[PDB]
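Here's the structure we're looking at; comments come further down.
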There are 6 protein chains.
Amino acid sequence: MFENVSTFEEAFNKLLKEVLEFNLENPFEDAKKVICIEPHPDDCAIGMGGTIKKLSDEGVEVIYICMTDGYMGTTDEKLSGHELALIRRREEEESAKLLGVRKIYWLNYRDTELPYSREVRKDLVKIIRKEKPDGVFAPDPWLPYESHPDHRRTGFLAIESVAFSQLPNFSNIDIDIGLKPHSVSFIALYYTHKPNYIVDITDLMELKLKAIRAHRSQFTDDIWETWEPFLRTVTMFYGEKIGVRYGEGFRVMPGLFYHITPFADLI
Amino acid sequence: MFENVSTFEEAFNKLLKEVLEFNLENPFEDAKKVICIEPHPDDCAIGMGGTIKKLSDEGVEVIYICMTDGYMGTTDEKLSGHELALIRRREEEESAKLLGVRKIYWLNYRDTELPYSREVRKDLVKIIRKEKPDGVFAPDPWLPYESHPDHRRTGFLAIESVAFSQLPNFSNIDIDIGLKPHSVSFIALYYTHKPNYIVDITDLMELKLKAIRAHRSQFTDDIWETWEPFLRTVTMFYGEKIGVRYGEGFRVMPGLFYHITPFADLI
Amino acid sequence: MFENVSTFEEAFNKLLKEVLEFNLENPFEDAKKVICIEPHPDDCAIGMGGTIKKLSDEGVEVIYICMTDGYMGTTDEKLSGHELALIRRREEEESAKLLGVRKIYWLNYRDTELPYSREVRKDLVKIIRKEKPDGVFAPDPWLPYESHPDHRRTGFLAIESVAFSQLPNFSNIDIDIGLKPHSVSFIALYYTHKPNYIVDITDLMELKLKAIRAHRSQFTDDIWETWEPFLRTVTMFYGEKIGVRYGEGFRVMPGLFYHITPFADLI
Amino acid sequence: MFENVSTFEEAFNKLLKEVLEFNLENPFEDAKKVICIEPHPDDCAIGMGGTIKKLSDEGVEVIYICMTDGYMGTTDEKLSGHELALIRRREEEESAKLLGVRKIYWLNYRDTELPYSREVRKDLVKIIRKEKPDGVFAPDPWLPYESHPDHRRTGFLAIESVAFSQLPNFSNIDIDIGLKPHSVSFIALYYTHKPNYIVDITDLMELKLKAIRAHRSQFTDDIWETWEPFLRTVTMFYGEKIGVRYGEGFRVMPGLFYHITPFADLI
Amino acid sequence: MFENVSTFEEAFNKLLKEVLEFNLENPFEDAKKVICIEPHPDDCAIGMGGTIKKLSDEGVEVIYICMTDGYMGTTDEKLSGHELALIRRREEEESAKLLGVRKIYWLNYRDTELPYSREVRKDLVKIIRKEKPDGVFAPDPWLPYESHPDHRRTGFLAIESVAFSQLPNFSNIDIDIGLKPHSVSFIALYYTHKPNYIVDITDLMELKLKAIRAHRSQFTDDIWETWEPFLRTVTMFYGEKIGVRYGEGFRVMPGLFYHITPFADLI
Amino acid sequence: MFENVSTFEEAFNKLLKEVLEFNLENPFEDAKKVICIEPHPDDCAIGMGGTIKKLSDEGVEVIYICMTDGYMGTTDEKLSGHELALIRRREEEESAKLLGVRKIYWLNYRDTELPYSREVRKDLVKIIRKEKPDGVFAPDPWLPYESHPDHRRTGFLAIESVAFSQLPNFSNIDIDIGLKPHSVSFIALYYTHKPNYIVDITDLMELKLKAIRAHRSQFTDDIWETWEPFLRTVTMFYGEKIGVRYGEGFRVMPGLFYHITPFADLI
Ligand SMILES: [Cl-]
Ligand SMILES: [Cl-]
Ligand SMILES: [Cl-]
Ligand SMILES: [Cl-]
Ligand SMILES: [Cl-]
Ligand SMILES: [Cl-]
Ligand SMILES: [Cl-]
Ligand SMILES: [Cl-]
Ligand SMILES: [Cl-]
Ligand SMILES: [Cl-]
Ligand SMILES: [Cl-]
Ligand SMILES: [Cl-]
Ligand SMILES: [Cl-]
Ligand SMILES: [Cl-]
Ligand SMILES: [Cl-]
Ligand SMILES: [Cl-]
Ligand SMILES: [Cl-]
Ligand SMILES: [Cl-]
Ligand SMILES: [Cl-]
Ligand SMILES: [Cl-]
Ligand SMILES: [Cl-]
Ligand SMILES: [Cl-]
Ligand SMILES: [Cl-]
Ligand SMILES: [Cl-]
């Protein structure tokens with residue numbers, strides 16, 4: 001096979017088009033149920049809140065997994081992390097209602113303390129096998145200069161957990177209690193410097209910002225003086241790539257390209 | 001020293017040529033004994049099987065270290081990981097016989113569970129100090145989008161273990177039982193986006209694919225319909241860089257450049 | 001806000017100039033007290049010794065944190081790591097005296113064994129909250145091909161510990177014993193491939209080299225035959241970027257850009 | 001309450017009889033489903049195989065959890081751990097069929113490597129919440145001079161996991177996927193120096209020994225020359241306490257006595 | 001020395017009386033400031049609430065360290081651990097006010113997740129060196145059948161941390177920031193099966209029980225129907241050893257006897 | 001087998017005399033090479049220095065394994081742990097010379113930081129398999145009130161490592177580099193409350209105390225005012241059990257009794 005192509009460029013295009021059937025025309029078109037994985041309460045709204053409302057409005061069931069409890073998100077010396085986590089849970093329930101999301105799984109690892117371990121893969125794999133989502137969204141763990149370990153670990157653990165949910169010897173007691181292996185159809189990484197699919201969110205921008213500001217403990221007015229400019233600059237970064245005012249960017253690749261593929265950066 | 005050069009380009013070339021005596025003409029020419037480090041059974045054959053056969057055919061002694069047992073490599077709900085691991089040991093013995101390899105060290109860490117720790121360094125440094133190889137091959141841990149932790153950890157632990165095998169206070173009980181410090185002459189990284197040395201394997205391609213397919217548990221005919229196209233695409237990516245049909249790529253650098261070198265990407 | 005810009009370029013420049021007030025003109029001008037974090041004894045003098053002497057000579061109080069004891073830095077089978085660590089403490093005290101540094105905190109983690117953990121963050125945040133430095137310097141953990149885990153871990157732990165030092169629920173017993181949250185004004189990363197600020201050290205080069213050679217155990221004459229060429233080639237790399245003979249490079253970014261910022265590589 | 005008793009002996013007897021309703025007349029009489037937790041394949045048969053057969057013969061459904069794979073159980077240099085594990089799985093299925101057991105959960109931690117961690121607790125609580133057993137058996141982790149960490153860790157993790165299975169904030173994703181909190185009705189510890197309940201197994205001793213010897217890889221004839229005398233000495237130790245030839249001993253206590261009870265050794 | 005005694009009994013008594021100056025007449029008589037270390041909110045009140053009130057009433061400053069947040073203490077599926085932990089902080093402040101305690105350090109490790117590690121030692125040693133207490137109370141980690149890892153770990157970590165607070169190379173950054181080594185004068189273990197000092201609390205029993213029931217989330221009326229009988233049975237167990245109605249028991253030993261002492265059980 | 005004994009006492013005596021061939025008459029009589037494992041430098045001399053000199057004088061080759069470097073053993077704020085450790089290595093070489101010991105393996109784990117892990121077992125098993133000792137001595141990890149984690153961990157790791165050195169799948173790279181499995185003939189535990197074999201050291205007491213005081217950094221004259229009385233009180237405790245002035249005690253048991261043996265405290 002692949003004996004009659006003559007150049008690498010020809011093989012490459014034939015591998016993507018024919019063998020992997022990859023395309024970026026509308027990667028989310030067939031989804032019925034997706035899971036959006038966030039490191040902290042508010043990252044699904046920040047990274048992809050317009051696209052979550054577009055999906056919910058088309059009748060896609062969007063479920064969150066939140067990896068941590070947001071305990072550390074305050075500079076108030078009188079607000080304990082326990083009290084903040086309870087406040088953030090209610091904030092995310094109000095944000096998610098605005099975006100059409102009706103189910104959140106809380107892993108409850110402490111903020112700044114998310115482990116990078118098989119145990120946390122097992123939590124993700126248990127929920128993937130229970131819910132059988134078509135798509136999974138998570139942060140791109142290769143974002144340049146990303147300095148928060150919870151973000152880098154969420155992205156790597158989500159990619160690994162999507163792969164290992166298909167393997168019956170990984171977390172085998174799930175198979176023994178009736179949670180069968182599941183093969184997700186696509187992963188999409190948000191918070192990405194290298195998007196290859198952009199969703200125009202220009203007419204949902206105000207709704208997105210409203211869903212973000214529902215995390216009131218995080219976005220005081222003072223903080224918003226910097227964050228609204230930031231968030232509009234990011235959405236213009238994405239939207240300008242497809243000639244629209246505001247966009248949300250995602251990186252999607254064939255499953256093969258997440259492993260031993262030396263030209264994965266050509267898409 | 002280095003006071004008479006005038007530009008960074010001049011200093012850089014003098015550092016590589018004269019001080020480090022670095023050359024990519026024939027980096028494997030003097031090797032008598034090399035160790036090829038693979039994350040899982042079948043990675044030496046996939047990443048570099050053509051070059052392993054060339055080296056064996058020249059009378060180089062090629063030894064494998066396999067970091068993990070391949071336990072997780074099945075989607076059959078009836079095949080336990082213990083039985084798969086036993087099957088894969090036999091597959092690698094048959095693959096290795098085709099490529100001229102006569103010695104495999106099995107570290108037996110569980111697949112998907114290779115630790116990143118001093119303990120696993122010590123296992124690599126014990127074998128390096130026992131066998132005194134001239135060269136060590138391992139995956140490039142900086143391959144973009146590599147999402148298997150066993151692969152990233154094998155590359156980093158091999159680079160570190162080659163450096164630490166020279167240090168008598170590292171794993172000092174080896175020195176006390178007669179395994180002296182050893183200084184490897186070169187490292188070469190396979191599975192790389194940034195090769196700087198390519199071996200033409202055009203006339204060994206069918207043998208490389210045979211050696212790969214000897215891992216029958218991983219390469220069923222259905223899976224091969226994707227994997228032969230992929231493997232030929234990858235070998236054309238490398239071969240095209242030197243104007244040949246099929247190549248295997250390696251990244252080789254002076255030892256110095258694996259540490260505090262801000263222009264290491266200029267080779 | 002940010003509704004009247006019409007291109008990403010416009011928004012980006014307005015976000016950096018107006019909202020973040022970021023400028024690379026003289027990022028160190030207002031500093032009264034800085035901490036320089038080194039993985040091993042000698043890294044502050046190698047990565048940034050000229051700039052340390054410039055800062056001391058302006059009356060800046062420069063403090064080191066050394067993460068590890070340098071135990072493993074010998075190929076002499078007769079010198080224990082314990083004896084080497086004692087030797088290296090004295091070498092660093094001599095080197096530091098040459099550069100105007102009068103205080104070093106020794107975390108005493110063993111060389112090649114620095115953990116990547118909350119416990120080590122807590123050590124950094126205790127010292128940052130006690131000393132209240134204006135600036136913190138550390139290695140850039142994203143230097144390409146950096147293969148020493150103690151270097152990568154120092155960079156990431158330093159950036160995370162600057163951020164978490166401002167959070168009263170992080171390491172809360174410090175607040176309870178009277179070490180209040182502290183907000184550092186800038187971070188600067190040395191050992192970097194992507195500097196955006198270069199200090200001319202041409203007239204302090206011989207003093208820098210003297211301060212490095214004070215670490216006699218590391219820089220024997222034989223080793224210096226390779227290391228003087230290396231260090232001059234690095235200083236030319238940096239100095240050529242601003243048209244001077246010898247430079248030390250730093251990467252400085254707005255705090256926001258260390259997290260979720262897809263265009264952080266544009267500075 | 002408890003204001004009218006006037007001696008500790010009076011209060012103790014009232015607390016056990018009235019408040020805790022504790023007795024040891026026939027602690028297993030009401031059981032419909034029990035789980036027997038073994039560190040390695042063959043420990044349920046060795047510690048309590050006669051009682052398992054009594055229970056199965058009364059219509060009790062007896063389920064095993066085996067914590068490890070038995071990988072390390074050979075002194076044959078030609079038998080890999082992987083092959084041993086596969087052999088021991090078949091040995092246990094044969095042993096279990098002799099004793100009436102029809103379901104085994106295999107956690108598959110490697111022998112000599114069982115962790116003592118929240119992750120292993122979560123595997124035990126998942127199975128306890130799925131199966132809702134009335135009783136759980138495990139080794140007594142306080143057996144004097146017990147030197148195998150897998151045995152000590154299995155006893156502690158079993159006791160902890162029975163308590164934590166009732167707590168909806170412990171391993172909360174189970175509650176989210178439909179596995180509700182479960183309250184086991186008794187624990188019984190085997191392999192105990194301090195039994196307080198003994199089962200007469202005099203007429204099932206030959207069956208018990210057959211079930212043990214079905215683990216042929218462990219009990220070669222040579223090893224059996226020591227192990228039959230050992231096993232009969234232990235069963236006489238227990239049976240002599242109740243005036244019978246062969247017994248199996250268990251320690252049962254009120255749940256309260258597993259925590260902050262300074263007279264728990266008085267039963 | 002000790003050459004003129006003739007029997008072990010003679011030597012033993014002379015070691016305790018003359019060399020170690022040990023006695024148990026009134027071990028708390030000279031204390032001005034004590035720390036009571038509890039695993040969870042409510043353990044100081046349960047283990048030793050009468051004695052805490054006796055000490056405060058004498059003008060001793062009693063300070064708590066609470067190792068964990070009590071997150072897991074509920075069987076209500078509607079109450080999150082975060083909310084529980086906030087509730088229990090308030091409960092403890094009310095309980096402590098009743099007993100005369102005015103300061104509590106909260107380590108905030110999650111309940112059922114307290115580590116056994118150098119990091120937690122370092123938190124105890126920072127507080128011991130800041131507060132310089134004369135006495136420290138903690139659970140006896142050798143209580144038979146104690147099945148809660150947080151209780152066993154608190155007792156061992158407290159004993160260890162008392163010893164290591166005297167050592168300037170342990171947690172050396174405390175010494176560098178001005179927290180000098182401290183030598184506690186006594187440890188007293190509560191929750192013990194082997195008390196050697198009993199405090200009569202007969203006239204403070206109703207106050208102790210009030211301070212316990214202030215932890216309303218733990219002691220609902222239904223649970224109290226078992227817990228008041230238990231608590232009265234325990235206090236009778238201790239008081240009967242000194243011929244009083246209700247007592248609290250402590251185990252106190254010379255520092256030497258916590259290490260390499262084969263007759264430590266003779267006191 | 002064992003069908004003709006009628007009582008447990010009969011079976012027990014026959015199991016020990018005939019099947020296990022257990023004798024406490026002269027357990028060390030056949031030894032040619034023993035390893036004495038100490039947690040810190042000085043514990044072999046303190047726990048068993050008289051016996052080590054008896055054994056050396058009979059021509060037994062006594063080798064030490066010291067698990068830690070003694071870093072923490074000082075209350076001088078000017079003496080670093082690095083310097084202490086180097087001083088203590090020389091102290092031990094002088095002490096060991098007095099006792100006839102000519103070889104010490106230093107594992108160099110930091111004092112107070114000995115792990116309890118497979119990695120440290122592998123260090124012990126590599127030395128056991130290299131040296132093939134007839135006997136191994138270690139602390140009894142079940143000594144009551146032993147509060148130093150390095151002592152408890154040394155005892156358990158030594159017992160485990162003796163057992164696992166016989167198993168070719170444990171630390172299998174040893175067998176691959178030519179270190180075959182080894183079966184030690186006896187373990188003897190020192191620092192024990194339950195000795196069953198006592199060596200009379202009455203005429204070697206002053207030599208033992210000289211070998212202890214050779215650890216000058218630990219035994220200043222001030223400290224010795226407590227430690228001489230302690231050490232003579234301990235040797236009297238042991239010697240009185242066999243009617244001699246000064247003894248060293250050991251606990252020896254058949255290998256079988258270290259596992260699943262409910263009457264192991266009957267010897
Ligand atoms: Cl075909
Ligand atoms: Cl085809
Ligand atoms: Cl990370
Ligand atoms: Cl405004
Ligand atoms: Cl020169
Ligand atoms: Cl020269
Ligand atoms: Cl990784
Ligand atoms: Cl085909
Ligand atoms: Cl505004
Ligand atoms: Cl505004
Ligand atoms: Cl790292
Ligand atoms: Cl020269
Ligand atoms: Cl009542
Ligand atoms: Cl009542
Ligand atoms: Cl254990
Ligand atoms: Cl026979
Ligand atoms: Cl004297
Ligand atoms: Cl005297
Ligand atoms: Cl524990
Ligand atoms: Cl009532
Ligand atoms: Cl027979
Ligand atoms: Cl026989
Ligand atoms: Cl321990
Ligand atoms: Cl004197």
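The chains in the structure tokens are called A, B, ... from first to last as shown; in each chain the residues are counted from 1, and the ligands are counted from 1 in the order shown.
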- Message: At a cut-off of 9 Å around ligand 17, and using only C-alpha atoms and all ligand atoms, what residues come up? Please write them as a list in words.
- Response: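 So, counting only C-alpha atoms and all ligand atoms, the residues near ligand 17 are residues 1 of chain E; 221, 224, 225 and 228 of chain F.
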Generate the output file for the selected residues, N, CA and C atoms, as an mmCIF file, in the first residue's frame.
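The new file selection_28.cif reads:
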data_model
loop_
_atom_site.group_PDB
_atom_site.id
_atom_site.type_symbol
_atom_site.label_atom_id
_atom_site.label_comp_id
_atom_site.auth_asym_id
_atom_site.auth_seq_id
_atom_site.Cartn_x
_atom_site.Cartn_y
_atom_site.Cartn_z
ATOM 1 N N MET E 1 29.825 4.880 84.473
ATOM 2 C CA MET E 1 28.557 5.171 85.087
ATOM 3 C C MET E 1 27.662 3.995 85.064
ATOM 4 N N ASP F 221 30.391 14.563 75.589
ATOM 5 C CA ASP F 221 30.336 14.224 77.048
ATOM 6 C C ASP F 221 29.002 14.550 77.676
ATOM 7 N N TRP F 224 26.590 11.879 76.728
ATOM 8 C CA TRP F 224 27.016 10.618 77.250
ATOM 9 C C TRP F 224 26.579 10.425 78.736
ATOM 10 N N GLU F 225 26.400 11.593 79.419
ATOM 11 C CA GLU F 225 25.875 11.440 80.786
ATOM 12 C C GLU F 225 24.510 10.802 80.890
ATOM 13 N N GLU F 228 25.391 6.666 78.517
ATOM 14 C CA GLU F 228 26.042 5.508 79.216
ATOM 15 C C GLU F 228 25.093 4.808 80.156
#
- Item | Within 8 Å of ligand 15 (only C-alpha atoms and all ligand atoms), residues as a PyMOL selection string | chain D and resi 116+148-153
- Pick out each residue of region 21-96 of chain B that DSSP on the backbone tags as helix (DSSP H, G or I); I need them as JSON, numbers by chain. {"B": [43, 44, 45, 46, 47, 48, 49, 50, 51, 52, 53, 54, 55, 56, 57, 81, 82, 83, 84, 85, 86, 87, 88, 89, 90, 91, 92, 93, 94, 95, 96]}
- Grab the CA of residue 258 (chain D) to CA of residue 144 (chain E) distance for me, in Å with one decimal place. 8.5 Å
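Every residue of chain F that lies within 8 Å of chain C is listed here, counting only C-alpha atoms: residues 82, 83, 85 and 86 of chain F.
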- Apply DSSP to the structure's backbone, then extract all residues of region 24-262 of chain A labelled strand (DSSP E or B) and return them as a PyMOL selection string. chain A and resi 33-38+61-68+103-109+135-139+186-190+197-200+247-251
- Interatomic distance, CA of residue 63 (chain C) to CA of residue 103 (chain C) (Å, one decimal): 5.1 Å
Can you list every residue of chain E that has an atom at most 12 Å from ligand 18, with its nearest atom pair and the distance in Å to one decimal, using only C-alpha atoms and all ligand atoms, ordered by chain then number, as JSON lines?
{"residue": "E:1", "atom": "CA", "partner": "ligand 18", "partner_atom_place_in_ligand_line": "1 (Cl)", "distance": 5.8}
{"residue": "E:2", "atom": "CA", "partner": "ligand 18", "partner_atom_place_in_ligand_line": "1 (Cl)", "distance": 8.6}
{"residue": "E:3", "atom": "CA", "partner": "ligand 18", "partner_atom_place_in_ligand_line": "1 (Cl)", "distance": 10.5}
{"residue": "E:4", "atom": "CA", "partner": "ligand 18", "partner_atom_place_in_ligand_line": "1 (Cl)", "distance": 11.7}
{"residue": "E:18", "atom": "CA", "partner": "ligand 18", "partner_atom_place_in_ligand_line": "1 (Cl)", "distance": 11.4}
{"residue": "E:19", "atom": "CA", "partner": "ligand 18", "partner_atom_place_in_ligand_line": "1 (Cl)", "distance": 10.2}
- Message: Between CA of residue 104 (chain E) and CA of residue 65 (chain E), what is the distance in Å, rounded to a tenth?
- Response: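 Computing the Euclidean distance for CA of residue 104 (chain E) and CA of residue 65 (chain E) yields 5.8 Å.
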- What's the 10 Å shell around residue 15 (chain D), counting only C-alpha atoms, without same-chain residues fewer than 4 positions away, as a list in words?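 Near neighbours after the sequence-gap exclusion: residues 2, 9, 10, 11, 19, 20, 21 and 22 of chain D; 226, 229, 230, 232 and 233 of chain E.
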Could you write out the selected residues, including C-alpha atoms, as a PDB file, in the first residue's frame?
ATOM      1  CA  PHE D   2     -25.335   5.973  80.918  1.00  0.00           C
ATOM      2  CA  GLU D   9     -17.359  -3.242  83.605  1.00  0.00           C
ATOM      3  CA  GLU D  10     -21.077  -2.453  83.856  1.00  0.00           C
ATOM      4  CA  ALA D  11     -20.886   0.292  81.254  1.00  0.00           C
ATOM      5  CA  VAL D  19     -26.261   0.093  72.557  1.00  0.00           C
ATOM      6  CA  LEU D  20     -24.231  -1.776  69.876  1.00  0.00           C
ATOM      7  CA  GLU D  21     -26.326  -4.992  69.956  1.00  0.00           C
ATOM      8  CA  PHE D  22     -23.177  -6.914  69.481  1.00  0.00           C
TER       9      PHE D  22
ATOM     10  CA  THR E 226     -24.713   5.886  70.699  1.00  0.00           C
ATOM     11  CA  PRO E 229     -22.970   6.020  76.032  1.00  0.00           C
ATOM     12  CA  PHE E 230     -19.631   5.569  74.362  1.00  0.00           C
ATOM     13  CA  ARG E 232     -19.340   7.990  79.271  1.00  0.00           C
ATOM     14  CA  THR E 233     -17.941   4.381  78.996  1.00  0.00           C
TER      15      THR E 233
END
